[PDB]
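Written below as structure tokens is the structure these notes are about.
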Amino acid sequence: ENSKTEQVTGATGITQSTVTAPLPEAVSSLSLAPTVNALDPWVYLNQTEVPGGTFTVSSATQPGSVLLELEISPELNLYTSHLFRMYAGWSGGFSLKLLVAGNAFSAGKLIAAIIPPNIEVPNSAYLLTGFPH
Amino acid sequence: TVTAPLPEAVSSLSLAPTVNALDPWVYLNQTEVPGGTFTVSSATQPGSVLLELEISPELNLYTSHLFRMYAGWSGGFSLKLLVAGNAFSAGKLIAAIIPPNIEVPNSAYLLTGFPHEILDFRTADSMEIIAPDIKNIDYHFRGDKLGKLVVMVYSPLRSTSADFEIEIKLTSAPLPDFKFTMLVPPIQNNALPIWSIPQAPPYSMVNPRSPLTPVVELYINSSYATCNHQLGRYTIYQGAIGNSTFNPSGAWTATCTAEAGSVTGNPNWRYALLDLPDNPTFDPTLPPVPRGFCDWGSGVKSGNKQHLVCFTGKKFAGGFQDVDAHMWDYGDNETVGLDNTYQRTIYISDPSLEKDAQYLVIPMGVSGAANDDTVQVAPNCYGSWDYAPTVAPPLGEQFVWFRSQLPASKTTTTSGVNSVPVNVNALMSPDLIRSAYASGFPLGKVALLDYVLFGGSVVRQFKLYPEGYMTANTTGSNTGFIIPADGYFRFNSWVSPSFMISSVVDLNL
Amino acid sequence: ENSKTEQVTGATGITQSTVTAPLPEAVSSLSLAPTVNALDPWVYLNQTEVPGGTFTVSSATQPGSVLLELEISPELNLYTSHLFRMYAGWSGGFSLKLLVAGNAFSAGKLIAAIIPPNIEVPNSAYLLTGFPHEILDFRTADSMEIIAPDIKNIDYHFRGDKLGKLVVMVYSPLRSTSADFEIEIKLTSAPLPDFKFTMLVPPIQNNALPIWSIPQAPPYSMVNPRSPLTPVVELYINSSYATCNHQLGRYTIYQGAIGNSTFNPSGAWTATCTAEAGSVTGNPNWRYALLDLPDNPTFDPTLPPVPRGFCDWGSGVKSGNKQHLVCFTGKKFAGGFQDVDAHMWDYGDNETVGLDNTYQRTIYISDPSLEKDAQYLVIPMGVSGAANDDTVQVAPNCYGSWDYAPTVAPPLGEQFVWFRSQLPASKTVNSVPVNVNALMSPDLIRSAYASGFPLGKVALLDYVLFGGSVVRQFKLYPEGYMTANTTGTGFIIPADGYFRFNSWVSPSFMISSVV
Amino acid sequence: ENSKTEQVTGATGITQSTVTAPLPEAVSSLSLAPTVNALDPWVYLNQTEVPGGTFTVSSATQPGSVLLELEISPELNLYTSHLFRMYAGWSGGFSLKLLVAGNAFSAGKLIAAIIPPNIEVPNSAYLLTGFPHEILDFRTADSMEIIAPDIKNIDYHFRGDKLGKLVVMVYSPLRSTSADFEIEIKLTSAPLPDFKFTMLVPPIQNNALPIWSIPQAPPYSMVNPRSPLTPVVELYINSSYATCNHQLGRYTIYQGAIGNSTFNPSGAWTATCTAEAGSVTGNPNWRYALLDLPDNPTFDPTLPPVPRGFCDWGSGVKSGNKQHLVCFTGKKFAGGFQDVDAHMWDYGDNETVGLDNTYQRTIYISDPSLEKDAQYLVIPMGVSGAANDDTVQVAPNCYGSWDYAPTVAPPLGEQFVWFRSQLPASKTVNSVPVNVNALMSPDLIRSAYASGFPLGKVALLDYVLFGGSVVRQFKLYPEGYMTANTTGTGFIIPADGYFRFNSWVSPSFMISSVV
């Protein structure tokens, strides 16, 4: 985890790039996998748009509405989704880059939360602070 | 950017018969503070308290939930200030820590004499504040006096160019020295940090000011700036208050003993005294009216223009005889203490009232000049009984009302009694506040509720007060804004009383 | 702990100075105090007189009477009492110096005892020996320093905690050849070096200030709450007025105005009644009326039965044949009242004890033409017939379960000091000249709310005449009354002196200046 | 001295915190101090708001107006102000933090200057550059600590010495895109580490307390000093009442009751006159009389010409043909007065400006049978004819060289808040219903003598209704009047709220809550 800051062209504000692990990843030993199949090294280096990974925040949108809700799976990335057809099973997490077209003369905040399996999503930003976020 | 205006003194917890550790991960994730959300606007006055919090386990989502199974606790909190600021705003908050036994001042001048930090809107975002656990004892029991965090406007919000508002949220985690003391069953008196509301629609709820007619609308009107009603009054603290009841249908029917004599200059308008099953000694400290009995207004000195309407009939061994419609009203048509007064003396426009005979009274309409406006202002409180206080929404807000259509009874007989169709509003329904008794509201906090229409596609936001009313933030003005009664309420969050709802109702469409 | 001896000037006896710790002090670690606030080093070096720390042992005083009873607290010392307003909490004991004006040709003993919190004080010197204590002898005692612990089970105090006490009583009776000899005892205090305060807070407290500042207004500048249109012209004493039962002019430090009293007695003097059906048996002129109750519309038994501030002058039991009250009365119309003139009036029905001579809603007016259910102005203004100061002095009885002011008396040997005004006659109904007394004026006790009284203590006041060529001394009680010590019909004190706070004393204190 | 910079949240500008000593502090050796008394170490660590340390810069405010002017003294900080009551003397400077609510999209500058004692403050930012000073810019200012010297030529201060000042004014005008933008400025203080007190003394001083505690009595509990038998029923505002010339209801912090005012207005309402030879020309019913002067027997021009507390209601210039005052009047006999009834009366002779509409000894009574040199009771009770609130509001003129209360006005943009009571009619002489206003009640300013006002400062009061769902704000001036800020005939405020002390402000302060 880290954060870096860049000054904007005109010096009228800043942009931040942040890397974070809200919850620790538990790397599987894969001891029960009959074979372990490596991906092409370039697939880890390609960030594709996620299916349903696009939303617009207007000043109308409430802090109760879920903007994005996405399952952590091979379907997140174009080439892992295509590759998974060829395989019985899979293991491991995803890097998820949230690209925000922000500006220094706006105001307001997002919350992004990781939600465990077999837990329901609350319609409340107050309740999302109970998760790793 | 970490501020401790007063030092945290670490208790040894020597005296604790058990010391209960929290999960190590509760110290590592900051949650939103259950009620720690407030708004500042350019209208918000200097020296106004925006946020008051007891420094207690209730400051964090996980420790508030955990405290339900503990008898006692020790240790402070680390608070972080999340400020949705902007480039154009100037102003300052003051955050002050008040020791346990000391009264909170009403001005910035006196508040600066406490341990405090001053928080400018340009630099307050992500500032961290230690909320220390001040005590002279090894750990707290329940019901002990607690230190407070008070946040107040120090310099008012001003803007260069455009008139923004700032929403501030606190987040919290317990300090590493925080501990609990003794396991007890999970039933303890602290409010749950989440309230879960059963998804009952408003139309499925009773109207406590018109029990026979379904709620058809949630309603808003900019002229209804006051509620003086005795019916439909419920609080989380006290239950039903001021002659309200949890079964409004069953309480709707009174009886009255007919009284000797008649209204002056109006010999058809016979007096009666309402019979008081719950106040037979006629104590001034108990209610002067049967519980749950009609509080509809009918104007001031207005009998020539308008009356209330009821079914009546005399008591017998076989129940009640010859039941039909009459005009009635509270008190006289003249004396200020009786007329337009919620009290025992009524009159009925029936020449036939026999002395000492008992009559059924079932209110069911209004007549003549009566309108929605006149029904909305209840007959006055009077005397030393525990009547419900007159209430207003705060400046810039409107009540949300539970509304039902009351249909007109018509008769074709000459001189037969005739009603006019009217809408009846109630401030609250007992069916919504039902689940709030089990959950509790946090001390000095308001429920922000989502109200959900069209499968989630439209979401109104209302503030439900523990004093028994919903309010909305609104723009424009209107004497008839309708919200559909087929949505459901969803708990959103707890907020300070002075939080300003972002979701504004466009009251002129 | 130690003792040192000094020979007296003439060598005809000795004086002893003793330092003692009857009970060990337990110095708090203050580990739970958020900050520890040091006092100025000179505050530990200054012994001030204690509030109520003064008593006189005569040969009359029994070894059963408590002479001094004092809570071990910041209120013991002038500068710790002032400083504590600035703080949330405190910890640590006090040095308590008992200064005894003894002599070698007297006899007798004191006992001084430390009493833990939540223990009662016994009325017995035999039982005081069960506590940690000291005994002093009147032949040789001069100074005794008690190192008094702050006895606690908490790290430091907040306000409203229960405290350890010092108690002083006679152990063995005072004897002397002279009948006039007294041992004077004085108690002084300083905080012990381990004394600390805990947290700075704005200096606004319920706790009483150590010194009361009184406005210097003369009694003649103050309203008489029993006769508001007439100025006070004398302070007055009368040894037959052994009790006060008034409902007006009743105030307390704790509750403010009590009984039916008010802080605007001039604006409350006026009332209105609704004229009833009927009249007093045998007197058809005496028409009944009910006083209107704005404060008590529904006639609740727990709220007052008479309008706030309305006249409580007496007329005796069953005495309308002999005497009455007098008022201006007039019928209500547009904008005010018509044909306003003097009428006789009284409380009750001149027969039944529940009504006659009783402070309650039902009155009669001696006007033959009262219209039924019409309203009438009532402004009480005098008395008629055989009426006199003593009839006006005894108020109508209180009755029922409303929050009336209790009947109060001065302690044995003391007398009430009254605020007195002359109320003139008026003539053709004809009134008689009478003097009206009040127990207290609201203009004096106004100042006492702005400072407070220490709990369980009374203000000793100097009353200063001619700049000081005469000074009276009075005890002003927190219960509202003011009182003087008297020896040997009425006695008159001028109303153009001024009150000055002298000191705090116990209710049991004997005023040294005698009237 | 230093400066540090912080980037703003959004990176759209900067805030600066600067520490500066414009003039060197000269730390006293305290060699002549008998003792040196240390403060609690935490008092140096607590910055409190300064009395009068709050101002708002609008784009309207000129670079000639002084925004803040403050004496460098123990009164700057809450705990040094409380502590100083306990001490004879003091030495050492103050840290003064100027907190500026600035913004990067504004423009303009402050100047802050230290001014030595016995030097006058100039009404010019150009002249302030001649002093030791600092300049702040509204784009980047956030905190400025001034290390303000205690400038003295003596080892330490006693009370009543002349002091160095901080002065703040606009150096360069505020500009913004928005017309509504304001810079809010706040000043906080703590003593510098070299600050000391010099000698413990009992905590009794003339010096005003840093916090005023107000009784919480509602206005309806307080006497109306211009109509004592009637209660206050509203606080009131009327934008046409631009001045007050009353001689009753006039009080000041410094002098107490002024003009012809008294602290017992109910006991002073009654007067007596001796009936003169002759009558007003053309009106033989209008018999002259002279008010009796107990306070002024020899009719000294420097003592009041009217009895203490006697009625100052107006009736207009040369208007006896149109309107009069009304009183109860009756002839003096044994024990009181005979045949007391309502008569018309007025000041002067209905013609000459030295007498007519003038607060002076000579009156007429409209009773044809006044016996020469006999005494008559006078109890003013109403008004008659064309009389109204506005005629009663303007008092008769003051005249000559006696110590009358001056005519006072609210500052521009403010209005007086009045204590108002309804005075009812009385009917067959016939009175008219009228409302009487007082500028102040003695029951409010009683409390203010018991605390004092800081010299040159005004009390900002909250007035609390319904427990706090409405709060008005008023300035109560030490000169006796109370005042509100208004926008946009009479306006009514309920009399059952209570006053609460908010803060000390300058006379120049603009109340933020608007009526």
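Computed over heavy atoms, backbone and side chain alike; hydrogens, waters and symmetry mates excluded. A, B, ... follow the sequence lines: proteins, then strands. Residue 1 opens every chain.
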Would you tell me whether B/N418 and B/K410 have side-chain atoms, one donor and one acceptor, within less than 3.5 Å of each other? yes
Hey, is the main chain of C/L291 close enough, under 3.5 Å, to the side chain of C/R361 for a donor-acceptor pair? yes
Does any donor atom in the side chain of C/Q375 or C/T274 lie under 3.5 Å from an acceptor atom in the other side chain? no
Here the pair of heavy atoms bringing B/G232 nearest to B/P208 is CA-CG, 3.4 Å
Picking from B/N371, B/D372, B/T213, what satisfies side chain to side chain donor-acceptor pair (under 3.5 Å) with B/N423? B/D372
When you measure from the side chain of B/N207 to the backbone of B/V215, do you find a donor-acceptor pair of N or O atoms at a distance under 3.5 Å? no
Taking B/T235 for its side chain and B/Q238 for its backbone only, find out whether a donor-acceptor pair lies under 3.5 Å. yes
Are C/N285 and C/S366 linked by a side-chain donor-acceptor pair shorter than 3.5 Å? no
For C/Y359, the side chain to side chain donor-acceptor pair (under 3.5 Å) test, sequence neighbours excluded, returns C/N260
is_close_aromatic(B/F246, B/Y234), centroid dist under 6.0 Å: yes
Report the relative orientation of the aromatic rings in B/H229 and B/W401; use parallel for angles under 30°, tilted for 30 to 60°, perpendicular for over 60°. tilted
Compare every heavy atom of B/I433 with every heavy atom of B/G468, then report the nearest pair and how far apart it is. CA-CD1, 4.1 Å
side-chain contact (heavy atoms from CB on, under 4.5 Å) between B/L427 and B/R233, worked out: CA-CA 7 Å; B/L427 189 72; B/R233 297 298 213 94; 3.8 Å; yes
pair B/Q306-B/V366: side-chain heavy atoms closer than 4.5 Å: no
Taking everything shown except C/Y399 itself, do over 12 heavy atoms lie less than 6.0 Å from its OH? no
I'd like to know whether NZ of C/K318 has more than 12 heavy-atom contacts from other residues, nucleotides or ligands below 6.0 angstrom. no
Here the gap from B/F311 atom CZ to B/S409 atom OG, rounded to the nearest 0.5 Å, amounts to 5.5 Å
Determine, stepwise, if the pair C/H324 / C/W345 fulfils side-chain contact (heavy atoms from CB on, under 4.5 Å). CA-CA 6 Å; C/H324 290 102; C/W345 77 282; over 6 Å; no
In terms of heavy-atom contacts, does OH of B/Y203 have more than 12 from other residues, nucleotides or ligands at under 6.0 Å? no
Solution key, residues 304-315 of chain C side-chain donor-acceptor pairs under 3.5 Å, sequence neighbours excluded:
residue : atom : partner : partner atom : Å
C/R308  : NH1  : C/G259  : O            : 3.4
C/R308  : NH1  : C/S261  : O            : 2.9
C/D312  : OD1  : C/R226  : NE           : 2.8
C/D312  : OD1  : C/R226  : NH2          : 3.4
C/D312  : OD2  : C/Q247  : N            : 2.7
C/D312  : OD2  : C/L248  : N            : 2.9
C/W313  : NE1  : C/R226  : O            : 2.8

More than 12 foreign heavy atoms under 6.0 Å from CG of B/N247: is that the case here? yes
Residues C/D349 and C/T352: side-chain donor-acceptor under 3.5 angstrom: yes
Sub-4.5 Å side-chain heavy-atom contact between B/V391 and B/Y465: no
Side-chain heavy-atom pair B/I346, B/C256 within 4.5 angstrom cut-off: yes
For the atom pair CG (C/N283) and CG (C/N321), what is the distance rounded to the nearest 0.5 Å? 8.5 Å
Modelled atom types, side-chain donor and acceptor of B/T312 and B/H326, under 3.5 Å: yes
Check whether any side-chain heavy atom of C/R287 lies under 4.5 Å from a side-chain heavy atom of C/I365, and answer yes or no. no
For C/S319, does its backbone N or O pair with a side-chain atom of C/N350 as donor and acceptor, under 3.5 Å? yes
In this structure, CD1 of C/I379 is separated from CH2 of C/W269 (nearest 0.5 Å) by 11.0 Å
Closest non-hydrogen atoms of B/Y359 and B/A258, given as atom of the first, atom of the second and distance, are CE1-CB, 3.8 Å
For B/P393 and B/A225, work out which heavy atoms get closest and say how close. CD-O, 3.2 Å
Any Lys/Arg nitrogen of B/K314 or B/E354 sitting under 4.0 Å from an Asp/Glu carboxylate oxygen of the other? no
Taking every non-hydrogen atom, the tightest pair across C/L290 and C/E276: CD1-OE2, 3.6 Å
Side chains of B/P202 and B/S429: closer than 4.5 Å at any heavy-atom pair? no
Can you give me the closest heavy-atom contact between B/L353 and B/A272, atom names plus distance? CD1-CB, 4.5 Å
Could you walk me through whether D/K427 and C/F333 pass the side-chain contact (heavy atoms from CB on, under 4.5 Å) check? CA-CA 9 Å; D/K427 304 298 185 182; C/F333 280 99; 5.7 Å; no
Residues C/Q360, C/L355; criterion side-chain contact (heavy atoms from CB on, under 4.5 Å); working and verdict: CA-CA 7 Å; C/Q360 56 60 51; C/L355 312 162; 4.0 Å; yes
Which residues pass the salt bridge (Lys or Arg N to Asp or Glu O under 4.0 Å) test with B/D339, not counting sequence neighbours? none
Between B/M470 and B/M428, is any pair of side-chain heavy atoms under 4.5 Å apart? yes
Check whether C/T358 reaches the backbone of C/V353 with its side chain - one donor and one acceptor, N or O, closer than 3.5 Å. yes
Working for ring-ring contact (aromatic ring centres under 6.0 Å, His included), residues B/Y271 and B/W269: CA-CA 7 Å; B/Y271 298 123; B/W269 293 358; over 10 Å; no
Quick check: do B/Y237 and B/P466 have side-chain heavy atoms less than 4.5 Å from each other? yes
Please state whether the rings of C/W402 and C/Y404 are parallel, tilted or perpendicular, taking 30° and 60° as the class boundaries. perpendicular
Got a sec: does the NZ of C/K332 have more than 12 other heavy atoms crowding it under 6.0 Å? no
Under 3.5 Å, is there a donor-acceptor pair linking the side chains of B/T281 and B/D283? yes
Given side chains that start at C-beta, do those of B/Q405 and B/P421 come closer than 4.5 Å, heavy atoms only? no
Can a side-chain donor-acceptor contact be found between C/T272 and C/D292 if the only test is distance below 3.5 angstrom? no
